[PDB]
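Take a look at this one chain, the form deposited in one PDB entry, written out in structure tokens.
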């Protein structure tokens, strides 16, 4: 299972916006329109919209899928990341990771096996404020370019599912966009 590592040095005020830029760009690639099945292996696809997001603390814009439900969810975990950082009081060392997985169905009494096929890890070093607003923007420009280059290496995507498999591949709970099953967690290494 392939793993990609990003590192970034930001000011404390820039931590939340830098993590959403990365997570949203990844998820922009790792989602599709909502599937609506007609037969077992026949379905049609909805339409993904996008939003430009100007950052308030970084001189930077990124594209995200237009879904308040998905954006609210990413903001929740990123905020916990920031709470843990602010409460850590260390050198400012921490990381978030985003993992896409499929499910193999299990028989009673065990839970389905979760088989990750891609994990994205973002390491942060929290560290005048004027020049940082631009330097971090330029660095973020690098990461998005880096993320796009990884994307199109075409390493492996799950087989497109029948109606019976669709919940072992995709997160079908959101109202307007359909992401690959994913989990976000974080660690504080200060």
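Numbering follows the first chain given and starts at 1. Shifts are known only where both forms have a C-alpha. Superpose the two forms; the largest set of C-alphas matching within 1.5 Å is the rigid core.
Missing here is the form deposited in another entry; even so, the following discussion is about that form.
Just one residue from the list 54, 68, 40, 134 crosses the 2 Å line for C-alpha shift between the shown form and the other one on a rigid core fit, and it is 40. With the core superposed, residue 112 shows a C-alpha displacement of at least 2 Å between the shown form and the other one. In that other deposited form, the separation between the C-alpha atoms of residue 106 and residue 160 shrinks by 3 Å or more relative to the displayed form. Compared with the form shown here, the C-alpha atoms of residue 112 and residue 166 sit at least 3 Å farther apart in that other deposited form.
After superposition on the rigid core, the segments of 3 or more consecutive residues displaced by 2 Å or more at every C-alpha between the shown form and the other one are found at 39-41, 105-112.
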